[PDB]
Structure formats: structure tokens, C-alpha cells
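*Asks:* The following file, work_21.csv, comprises CSV, C-alpha atoms and all ligand atoms:
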```
chain,number,residue,atom,x,y,z
A,1,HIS,CA,61.9,-22.0,19.2
A,2,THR,CA,63.7,-21.9,22.5
A,3,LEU,CA,66.6,-20.1,24.2
A,4,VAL,CA,68.7,-20.2,27.4
A,5,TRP,CA,67.9,-17.8,30.3
A,6,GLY,CA,70.8,-18.8,32.6
A,7,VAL,CA,72.1,-21.7,34.8
A,8,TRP,CA,71.8,-22.9,38.3
A,9,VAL,CA,74.8,-24.4,40.3
A,10,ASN,CA,74.0,-27.0,43.0
A,11,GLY,CA,70.4,-25.8,43.0
A,12,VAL,CA,71.3,-22.1,43.3
A,13,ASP,CA,70.3,-19.6,40.5
A,14,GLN,CA,73.3,-17.7,39.1
A,15,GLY,CA,70.9,-15.0,37.7
A,16,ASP,CA,70.2,-13.9,34.1
A,17,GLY,CA,73.1,-14.9,31.9
A,18,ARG,CA,71.9,-13.6,28.5
A,19,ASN,CA,74.8,-11.9,26.7
A,20,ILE,CA,76.7,-12.1,30.0
A,21,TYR,CA,77.8,-15.7,30.6
A,22,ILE,CA,75.8,-17.1,27.7
A,23,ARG,CA,76.9,-16.3,24.1
A,24,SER,CA,73.2,-15.6,23.3
A,25,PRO,CA,71.9,-15.3,19.8
A,26,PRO,CA,69.6,-12.3,18.9
A,27,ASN,CA,66.5,-14.6,18.9
A,28,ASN,CA,65.2,-18.2,19.3
A,29,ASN,CA,65.3,-19.2,15.5
A,30,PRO,CA,66.8,-22.7,15.0
A,31,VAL,CA,70.1,-23.3,13.2
A,32,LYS,CA,69.5,-25.8,10.4
A,33,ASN,CA,72.6,-25.7,8.2
A,34,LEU,CA,75.0,-28.6,9.2
A,35,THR,CA,78.1,-27.0,7.6
A,36,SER,CA,77.4,-23.5,9.0
A,37,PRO,CA,79.7,-22.1,11.7
A,38,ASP,CA,76.4,-21.4,13.4
A,39,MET,CA,76.5,-25.1,14.5
A,40,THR,CA,79.3,-24.3,16.9
A,41,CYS,CA,77.8,-21.8,19.4
A,42,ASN,CA,74.9,-20.4,17.2
A,43,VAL,CA,74.7,-17.1,15.3
A,44,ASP,CA,76.6,-14.7,17.6
A,45,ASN,CA,79.6,-16.6,18.8
A,46,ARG,CA,81.9,-14.1,20.7
A,47,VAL,CA,83.4,-13.9,24.2
A,48,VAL,CA,80.9,-12.6,26.8
A,49,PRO,CA,82.2,-10.7,29.9
A,50,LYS,CA,81.5,-13.4,32.6
A,51,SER,CA,82.2,-17.0,33.2
A,52,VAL,CA,80.3,-19.1,35.9
A,53,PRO,CA,82.5,-20.6,38.7
A,54,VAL,CA,82.0,-24.3,39.4
A,55,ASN,CA,83.9,-27.1,40.9
A,56,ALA,CA,84.2,-30.8,39.8
A,57,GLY,CA,81.2,-32.7,41.1
A,58,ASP,CA,78.8,-29.7,41.0
A,59,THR,CA,75.4,-29.9,39.3
A,60,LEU,CA,75.2,-27.4,36.4
A,61,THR,CA,71.6,-26.8,35.3
A,62,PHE,CA,70.5,-25.1,32.0
A,63,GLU,CA,67.2,-23.2,32.1
A,64,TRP,CA,65.5,-22.7,28.7
A,65,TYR,CA,62.5,-20.5,27.8
A,66,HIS,CA,60.4,-19.6,24.8
A,67,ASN,CA,59.5,-15.9,25.1
A,68,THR,CA,59.5,-15.3,28.8
A,69,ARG,CA,61.0,-17.1,31.8
A,70,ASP,CA,59.1,-20.3,33.0
A,71,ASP,CA,56.7,-20.0,30.0
A,72,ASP,CA,55.7,-22.9,27.7
A,73,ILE,CA,59.5,-23.4,27.2
A,74,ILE,CA,59.2,-24.8,23.6
A,75,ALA,CA,56.3,-26.0,21.4
A,76,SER,CA,55.2,-29.6,22.1
A,77,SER,CA,55.5,-30.3,18.3
A,78,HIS,CA,59.3,-30.1,18.7
A,79,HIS,CA,59.7,-33.7,20.0
A,80,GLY,CA,63.4,-34.7,20.0
A,81,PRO,CA,66.7,-35.5,21.8
A,82,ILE,CA,68.9,-33.3,24.1
A,83,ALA,CA,72.7,-33.4,24.5
A,84,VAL,CA,75.5,-31.5,26.2
A,85,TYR,CA,79.1,-31.1,25.0
A,86,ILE,CA,82.2,-29.5,26.6
A,87,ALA,CA,85.3,-28.0,25.1
A,88,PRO,CA,88.2,-25.8,26.3
A,89,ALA,CA,87.4,-22.1,26.0
A,90,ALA,CA,90.7,-21.5,24.1
A,91,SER,CA,89.6,-23.6,21.1
A,92,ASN,CA,86.5,-21.3,20.6
A,93,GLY,CA,84.8,-24.6,19.6
A,94,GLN,CA,87.1,-25.0,16.6
A,95,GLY,CA,88.7,-28.4,15.8
A,96,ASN,CA,87.9,-31.9,17.3
A,97,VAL,CA,87.2,-30.5,20.7
A,98,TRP,CA,83.7,-31.4,21.7
A,99,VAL,CA,83.2,-34.1,24.3
A,100,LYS,CA,79.7,-35.4,25.1
A,101,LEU,CA,78.6,-35.3,28.7
A,102,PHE,CA,75.0,-36.2,28.3
A,103,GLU,CA,72.4,-37.8,25.9
A,104,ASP,CA,68.7,-38.3,26.3
A,105,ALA,CA,66.3,-39.2,23.4
A,106,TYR,CA,63.3,-41.3,24.4
A,107,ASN,CA,62.4,-42.9,27.8
A,108,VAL,CA,60.6,-46.1,26.9
A,109,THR,CA,58.8,-46.4,30.3
A,110,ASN,CA,57.2,-43.0,30.3
A,111,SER,CA,57.0,-42.9,26.5
A,112,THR,CA,58.4,-39.3,26.5
A,113,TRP,CA,61.0,-37.5,24.4
A,114,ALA,CA,63.7,-35.5,26.2
A,115,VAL,CA,62.0,-32.3,24.9
A,116,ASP,CA,58.6,-33.4,26.3
A,117,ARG,CA,60.1,-33.7,29.8
A,118,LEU,CA,62.1,-30.5,29.5
A,119,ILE,CA,58.7,-28.8,29.3
A,120,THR,CA,57.6,-30.6,32.5
A,121,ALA,CA,60.9,-29.6,34.2
A,122,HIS,CA,60.2,-25.9,33.5
A,123,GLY,CA,63.1,-25.7,31.0
A,124,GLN,CA,65.7,-27.3,33.3
A,125,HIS,CA,68.2,-30.1,32.6
A,126,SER,CA,71.5,-30.7,34.3
A,127,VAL,CA,75.0,-32.2,34.1
A,128,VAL,CA,77.6,-33.0,36.7
A,129,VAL,CA,80.9,-31.2,36.3
A,130,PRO,CA,83.6,-33.8,35.4
A,131,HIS,CA,87.1,-34.1,37.0
A,132,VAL,CA,89.1,-32.2,34.3
A,133,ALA,CA,91.9,-29.7,34.3
A,134,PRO,CA,90.9,-26.4,36.1
A,135,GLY,CA,90.4,-23.6,33.6
A,136,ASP,CA,87.9,-22.0,31.2
A,137,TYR,CA,85.4,-24.1,29.3
A,138,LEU,CA,82.4,-23.9,26.9
A,139,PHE,CA,79.4,-26.1,27.7
A,140,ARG,CA,77.3,-26.5,24.5
A,141,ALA,CA,73.6,-27.5,25.1
A,142,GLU,CA,71.8,-28.8,22.0
A,143,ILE,CA,68.2,-29.5,21.4
A,144,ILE,CA,67.3,-31.3,18.1
A,145,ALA,CA,63.6,-30.8,17.1
A,146,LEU,CA,62.6,-33.5,14.6
A,147,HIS,CA,59.1,-32.3,13.5
A,148,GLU,CA,60.4,-31.5,9.9
A,149,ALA,CA,63.3,-34.0,9.8
A,150,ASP,CA,61.8,-36.4,7.3
A,151,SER,CA,63.5,-34.0,4.9
A,152,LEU,CA,67.1,-32.7,4.7
A,153,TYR,CA,68.0,-29.0,4.8
A,154,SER,CA,70.6,-29.6,2.1
A,155,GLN,CA,67.9,-30.9,-0.2
A,156,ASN,CA,65.1,-28.6,1.1
A,157,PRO,CA,66.1,-25.4,3.0
A,158,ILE,CA,62.6,-24.8,4.3
A,159,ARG,CA,62.6,-28.1,6.2
A,160,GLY,CA,64.8,-30.5,8.2
A,161,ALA,CA,66.1,-31.0,11.7
A,162,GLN,CA,66.2,-28.0,13.9
A,163,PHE,CA,69.1,-27.2,16.3
A,164,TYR,CA,68.7,-25.0,19.4
A,165,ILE,CA,72.3,-24.4,20.5
A,166,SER,CA,73.5,-22.5,23.5
A,167,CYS,CA,77.1,-22.1,24.7
A,168,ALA,CA,77.8,-21.2,28.3
A,169,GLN,CA,81.1,-19.7,29.7
A,170,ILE,CA,82.0,-21.9,32.7
A,171,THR,CA,85.2,-21.6,34.8
A,172,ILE,CA,86.1,-24.9,36.6
A,173,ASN,CA,88.2,-24.0,39.7
A,174,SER,CA,88.5,-27.1,41.9
A,175,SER,CA,89.3,-30.4,40.2
A,176,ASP,CA,91.9,-33.2,40.9
A,177,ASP,CA,92.0,-33.7,37.0
A,178,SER,CA,91.7,-37.5,37.4
A,179,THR,CA,89.6,-37.7,34.2
A,180,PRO,CA,91.5,-35.3,31.9
A,181,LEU,CA,89.5,-34.2,28.8
A,182,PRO,CA,89.9,-36.5,25.8
A,183,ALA,CA,89.6,-35.7,22.1
A,184,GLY,CA,86.2,-34.7,20.8
A,185,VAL,CA,84.3,-34.1,17.6
A,186,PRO,CA,83.9,-30.9,15.5
A,187,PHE,CA,80.9,-28.7,15.2
A,188,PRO,CA,80.2,-28.0,12.4
A,189,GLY,CA,81.4,-31.4,11.2
A,190,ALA,CA,80.2,-34.3,13.4
A,191,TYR,CA,76.7,-34.2,11.9
A,192,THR,CA,76.1,-35.0,8.2
A,193,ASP,CA,73.0,-36.0,6.1
A,194,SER,CA,73.9,-39.7,6.6
A,195,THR,CA,74.4,-39.4,10.4
A,196,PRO,CA,71.8,-41.5,12.2
A,197,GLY,CA,69.4,-39.2,14.0
A,198,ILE,CA,69.5,-36.4,11.5
A,199,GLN,CA,66.9,-37.8,9.2
A,200,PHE,CA,63.8,-39.4,10.8
A,201,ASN,CA,60.1,-39.6,10.6
A,202,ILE,CA,58.5,-39.3,14.1
A,203,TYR,CA,54.9,-39.7,12.6
A,204,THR,CA,55.5,-43.2,11.2
A,205,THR,CA,58.7,-44.7,12.7
A,206,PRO,CA,58.4,-45.8,16.4
A,207,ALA,CA,60.4,-43.7,18.9
A,208,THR,CA,61.8,-46.9,20.3
A,209,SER,CA,63.7,-47.2,17.1
A,210,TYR,CA,65.2,-43.7,17.2
A,211,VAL,CA,69.0,-43.5,17.4
A,212,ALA,CA,70.5,-40.1,18.4
A,213,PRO,CA,73.5,-38.7,16.5
A,214,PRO,CA,76.9,-40.0,17.7
A,215,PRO,CA,79.3,-39.4,19.2
A,216,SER,CA,78.6,-41.5,22.3
A,217,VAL,CA,78.9,-40.2,25.9
A,218,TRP,CA,82.4,-40.2,27.4
A,219,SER,CA,83.2,-42.5,30.3
A,220,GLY,CA,84.6,-39.5,32.2
A,221,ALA,CA,81.0,-38.1,32.4
A,222,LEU,CA,79.4,-38.1,35.9
A,223,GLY,CA,75.9,-38.0,34.6
A,224,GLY,CA,72.8,-35.7,34.7
A,225,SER,CA,69.0,-35.5,34.1
A,226,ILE,CA,66.1,-33.5,32.8
A,227,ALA,CA,64.3,-32.2,35.9
A,228,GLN,CA,63.5,-29.0,37.8
A,229,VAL,CA,66.2,-28.3,40.4
A,230,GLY,CA,64.9,-24.8,41.1
A,231,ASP,CA,61.7,-22.7,41.4
A,232,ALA,CA,62.0,-19.4,39.5
A,233,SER,CA,58.6,-18.1,40.8
A,234,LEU,CA,60.3,-18.0,44.3
A,235,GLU,CA,62.4,-15.0,43.0
A,301,LIG,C1,75.5,-23.4,4.8
A,301,LIG,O1,76.7,-22.9,5.4
A,301,LIG,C2,77.8,-22.9,4.5
A,301,LIG,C3,79.0,-22.4,5.3
A,301,LIG,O2,78.7,-21.2,6.0
A,301,LIG,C4,77.6,-22.1,3.3
A,301,LIG,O3,78.6,-22.5,2.3
A,301,LIG,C5,76.2,-22.4,2.6
A,301,LIG,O4,75.9,-21.3,1.8
A,301,LIG,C6,75.1,-22.6,3.6
A,301,LIG,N1,74.0,-23.2,2.9
A,301,LIG,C7,72.8,-22.6,2.8
A,301,LIG,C8,71.8,-23.3,1.9
A,301,LIG,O5,72.6,-21.6,3.4
A,302,LIG,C1,57.4,-40.5,34.4
A,302,LIG,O1,56.2,-39.7,34.7
A,302,LIG,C2,55.9,-39.4,36.1
A,302,LIG,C3,54.7,-38.5,36.1
A,302,LIG,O2,53.8,-38.8,35.1
A,302,LIG,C4,57.2,-38.9,36.8
A,302,LIG,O3,56.9,-38.8,38.2
A,302,LIG,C5,58.4,-39.7,36.6
A,302,LIG,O4,59.6,-39.2,37.1
A,302,LIG,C6,58.7,-40.0,35.1
A,302,LIG,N1,59.8,-40.8,34.9
A,302,LIG,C7,61.0,-40.4,34.4
A,302,LIG,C8,61.4,-39.0,34.4
A,302,LIG,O5,61.8,-41.3,33.9
A,303,CU,CU,60.4,-23.8,16.9
```
Here is the file; what I need is its structure written in the form of C-alpha cells.
Ligand SMILES: *[C@@H]1O[C@H](CO)[C@@H](O)[C@H](O)[C@H]1NC(C)=O
Ligand SMILES: *[C@@H]1O[C@H](CO)[C@@H](O)[C@H](O)[C@H]1NC(C)=O
Ligand SMILES: [Cu+2]
*Replies:*
Amino acid sequence: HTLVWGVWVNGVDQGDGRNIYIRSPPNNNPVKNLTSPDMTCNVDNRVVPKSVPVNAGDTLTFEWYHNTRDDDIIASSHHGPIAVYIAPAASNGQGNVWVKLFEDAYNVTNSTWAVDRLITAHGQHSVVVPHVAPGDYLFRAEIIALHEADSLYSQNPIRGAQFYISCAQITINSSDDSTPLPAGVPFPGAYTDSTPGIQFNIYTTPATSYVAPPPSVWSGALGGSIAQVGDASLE
């Protein structure tokens, strides 16, 4: 159970975004139903009053929390991958609109899941704003927690993969549009029971064999990381 507090831009906190620039749900409960419209932007998908201004090449950082800011972030049991998608705001996340800008599952070297390191980074992970057409966008951050993913929610509704999904309203102002945004996948839609990554046993199978759900990351992506870029105690 985890939620988004806000975002930083080039290492500068934009302040609390909850129900302001984030289309926040009422609580930190996971989405589990792969055919639910909750898969798009979670349970309360509506326009919020603000959109964060960025320019192509900026670092956009998501800051997650559990109950209060800079807490335990998310339970350690929730080992799993982390991804970020983008889509034009006008779609409302409907249709084949979601392009992937980031994927992190398991780092072989450190023997750490993305989630594990998100805790160490005080809830912070980032992406670099790609050179797309100026305008309004939704950035969809998605954490998959695999601790009950040896079962499927369709077969057993009290188990299965857990999605923590947060959509942020972002206005790209300055971009040459040299990497115009391609076609994407649908949410709900891109993940099914058969999709690699959805069903997995993290207690028996080695993490080095885990394959995260497609699609793959777009060439137009300029990269990102899981790592603290800002100190919230300084505020
Ligand atoms: C999952 O969501 C779909 C679409 O909203 C709905 O038909 C179905 O009732 C849901 N399944 C469960 C078990 O809640
Ligand atoms: C691995 O762990 C060390 C600390 O134990 C950290 O300094 C290093 O950045 C980690 N490597 C990554 C994030 O790939
Ligand atoms: Cu949880």
C-alpha cells in the first residue's frame, strides 16, 4: 500500500500534489482487476485543477509514501517492478495511447527489486521528459507488487498481482518535437492473465528469471532512475 505525494522537477519540489496535480485515489489500496477502468488512472480518474510545467530534458521525479511523507514508503514484502507510461491528456488514457518511458525490475548486481530501492530512495524515482509535441500529458507511474502473484485475481479475487497506479497532470512547454509520440498500449488492456510478469512466484523462482510485462520501452525515452533527488526533511 503506497501513494504519490507529489513530484520534483530538476531537483526542486513542486509541493503537495494530492487532488491538485495528481488524480489521487481516496486511499492506498491496490488495484487488482486487469479489466477494470481502475487500471487506467486508479479509482478516482477525473481532471484535477493544476498541471505541472516542465520542458523537454527535465528530470521529473515521483515521490511515493505509505501513510505520511518520507515514512516506510511501502512494505518490504511488496517486492516487484516499477514502470512509467505517458499519454496525451486529451485521450484521458483511453485507447492505445500509453507509451513506456521507464522499466526497472531486478538489479542483478545489488540483488534488489525496484521496490526495494524505492524504499532506500525515500519514495523517489525519476524520468527525463522526452522531446514530444508541447501540450498536456498524463504520466502514469505503476508499481507491481508480486507477493500474492502466484495466483490470478480472475481465478482468486483475494489474491494476485497488486497495482499501485498514479497519474500526474504534466504540461510540456518547451520541446523541439524531434521524437514525436508514437502509438501506445491500452490500460485496461495491455495486461492479461497470460502476460509474462503478471503471474510469478518470488519465493521459489529466481528473480534473475523475472520478465516484466511488455510493452518494451520506447527509443524516444531519455532514461531515468530510482534514487533520491531531494530531501523532504529540509522543508
Ligand atoms: C473487473 O472489472 C470489470 C470491468 O469493470 C467487471 O466486469 C468485473 O465485475 C470486475 N471483476 C471483479 C471480480 O470484480
Ligand atoms: C547498490 O547498493 C549500494 C549500497 O549498498 C549503492 O551505493 C549502489 O548505488 C547500489 N547500486 C545500484 C543502485 O545499482
Ligand atoms: Cu500493500
*Asks:* Quick one: distance from CA of residue 213 in chain A to atom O2 of ligand LIG 302 (chain A) in Å, one decimal?
*Replies:*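 Rounded to one decimal, the two atoms are 27.1 Å apart.
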*Asks:* Considering all atoms listed in the file, can you say which of A:24, A:174, A:204, A:92 comes closest to residue 6 in chain A?
*Replies:*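 Using all atoms listed in the file, the shortest distance to residue 6 in chain A belongs to A:24.
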*Asks:* Near residue 20 in chain A, counting only C-alpha atoms, which residues have an atom at most 8 Å away, once you skip same-chain residues fewer than 6 positions from it, shown as a PyMOL selection string?
*Replies:* chain A and resi 48-50
*Asks:* Report as a Markdown table: every residue of chain A with an atom at most 9 Å from ligand LIG 302 (chain A), its closest pair of atoms, and their distance in Å to one decimal, counting only C-alpha atoms and all ligand atoms, with rows sorted by chain and ascending residue number.
*Replies:*
```
| residue | atom | partner | partner_atom | distance |
| --- | --- | --- | --- | --- |
| A:107 | CA | A:LIG302 | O5 | 6.3 |
| A:108 | CA | A:LIG302 | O5 | 8.6 |
| A:109 | CA | A:LIG302 | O5 | 6.9 |
| A:110 | CA | A:LIG302 | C1 | 4.8 |
| A:111 | CA | A:LIG302 | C1 | 8.3 |
| A:112 | CA | A:LIG302 | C1 | 8.1 |
| A:117 | CA | A:LIG302 | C8 | 7.1 |
| A:225 | CA | A:LIG302 | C8 | 8.4 |
| A:226 | CA | A:LIG302 | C8 | 7.4 |
| A:227 | CA | A:LIG302 | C8 | 7.5 |
```
*Asks:* Quick one: residues within 8 Å of ligand CU 303 (chain A), with only C-alpha atoms and all ligand atoms, as a PyMOL selection string?
*Replies:* chain A and resi 1-2+28-30+74-75+78+145+162
*Asks:* Set the cut-off to 9 Å, count all atoms listed in the file, and list whatever residues fall near ligand LIG 301 (chain A) as a ChimeraX atom specification.
*Replies:* /A:32-38,153-157
*Asks:* Some atoms are missing, so please complete range 211-228 of chain A with N, CA and C atoms and return it as a PDB file, in the coordinates of the input.
*Replies:*
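Saved to out.pdb:
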```pdb
ATOM      1  N   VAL A 211      67.651 -43.558  16.926  1.00  0.00           N
ATOM      2  CA  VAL A 211      69.000 -43.500  17.400  1.00  0.00           C
ATOM      3  C   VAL A 211      69.495 -42.054  17.231  1.00  0.00           C
ATOM      4  N   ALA A 212      69.960 -41.497  18.353  1.00  0.00           N
ATOM      5  CA  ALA A 212      70.500 -40.100  18.400  1.00  0.00           C
ATOM      6  C   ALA A 212      71.828 -40.069  17.720  1.00  0.00           C
ATOM      7  N   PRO A 213      72.185 -38.890  17.157  1.00  0.00           N
ATOM      8  CA  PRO A 213      73.500 -38.700  16.500  1.00  0.00           C
ATOM      9  C   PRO A 213      74.630 -39.039  17.410  1.00  0.00           C
ATOM     10  N   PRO A 214      75.608 -39.862  16.985  1.00  0.00           N
ATOM     11  CA  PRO A 214      76.900 -40.000  17.700  1.00  0.00           C
ATOM     12  C   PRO A 214      77.568 -38.623  17.677  1.00  0.00           C
ATOM     13  N   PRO A 215      78.605 -38.391  18.516  1.00  0.00           N
ATOM     14  CA  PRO A 215      79.300 -39.400  19.200  1.00  0.00           C
ATOM     15  C   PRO A 215      78.643 -39.977  20.474  1.00  0.00           C
ATOM     16  N   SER A 216      79.231 -40.997  21.084  1.00  0.00           N
ATOM     17  CA  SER A 216      78.600 -41.500  22.300  1.00  0.00           C
ATOM     18  C   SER A 216      79.125 -40.653  23.467  1.00  0.00           C
ATOM     19  N   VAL A 217      78.556 -40.884  24.649  1.00  0.00           N
ATOM     20  CA  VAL A 217      78.900 -40.200  25.900  1.00  0.00           C
ATOM     21  C   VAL A 217      80.212 -40.735  26.424  1.00  0.00           C
ATOM     22  N   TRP A 218      81.120 -39.841  26.794  1.00  0.00           N
ATOM     23  CA  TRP A 218      82.400 -40.200  27.400  1.00  0.00           C
ATOM     24  C   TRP A 218      82.261 -40.847  28.795  1.00  0.00           C
ATOM     25  N   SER A 219      83.139 -41.828  29.057  1.00  0.00           N
ATOM     26  CA  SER A 219      83.200 -42.500  30.300  1.00  0.00           C
ATOM     27  C   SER A 219      83.491 -41.544  31.485  1.00  0.00           C
ATOM     28  N   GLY A 220      84.299 -40.504  31.231  1.00  0.00           N
ATOM     29  CA  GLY A 220      84.600 -39.500  32.200  1.00  0.00           C
ATOM     30  C   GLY A 220      83.369 -38.660  32.706  1.00  0.00           C
ATOM     31  N   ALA A 221      82.212 -38.817  32.044  1.00  0.00           N
ATOM     32  CA  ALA A 221      81.000 -38.100  32.400  1.00  0.00           C
ATOM     33  C   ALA A 221      80.444 -38.719  33.725  1.00  0.00           C
ATOM     34  N   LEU A 222      79.922 -37.814  34.571  1.00  0.00           N
ATOM     35  CA  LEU A 222      79.400 -38.100  35.900  1.00  0.00           C
ATOM     36  C   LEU A 222      77.920 -38.063  35.931  1.00  0.00           C
ATOM     37  N   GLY A 223      77.297 -37.787  34.772  1.00  0.00           N
ATOM     38  CA  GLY A 223      75.900 -38.000  34.600  1.00  0.00           C
ATOM     39  C   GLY A 223      75.055 -36.728  34.599  1.00  0.00           C
ATOM     40  N   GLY A 224      73.719 -36.874  34.618  1.00  0.00           N
ATOM     41  CA  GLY A 224      72.800 -35.700  34.700  1.00  0.00           C
ATOM     42  C   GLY A 224      71.352 -36.156  34.400  1.00  0.00           C
ATOM     43  N   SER A 225      70.453 -35.186  34.199  1.00  0.00           N
ATOM     44  CA  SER A 225      69.000 -35.500  34.100  1.00  0.00           C
ATOM     45  C   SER A 225      68.261 -34.318  33.491  1.00  0.00           C
ATOM     46  N   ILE A 226      66.993 -34.569  33.164  1.00  0.00           N
ATOM     47  CA  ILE A 226      66.100 -33.500  32.800  1.00  0.00           C
ATOM     48  C   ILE A 226      65.085 -33.460  33.961  1.00  0.00           C
ATOM     49  N   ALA A 227      65.102 -32.366  34.729  1.00  0.00           N
ATOM     50  CA  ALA A 227      64.300 -32.200  35.900  1.00  0.00           C
ATOM     51  C   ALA A 227      64.519 -30.884  36.581  1.00  0.00           C
ATOM     52  N   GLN A 228      63.444 -30.314  37.127  1.00  0.00           N
ATOM     53  CA  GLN A 228      63.500 -29.000  37.800  1.00  0.00           C
ATOM     54  C   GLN A 228      64.354 -29.173  39.050  1.00  0.00           C
TER      55      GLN A 228
END
```
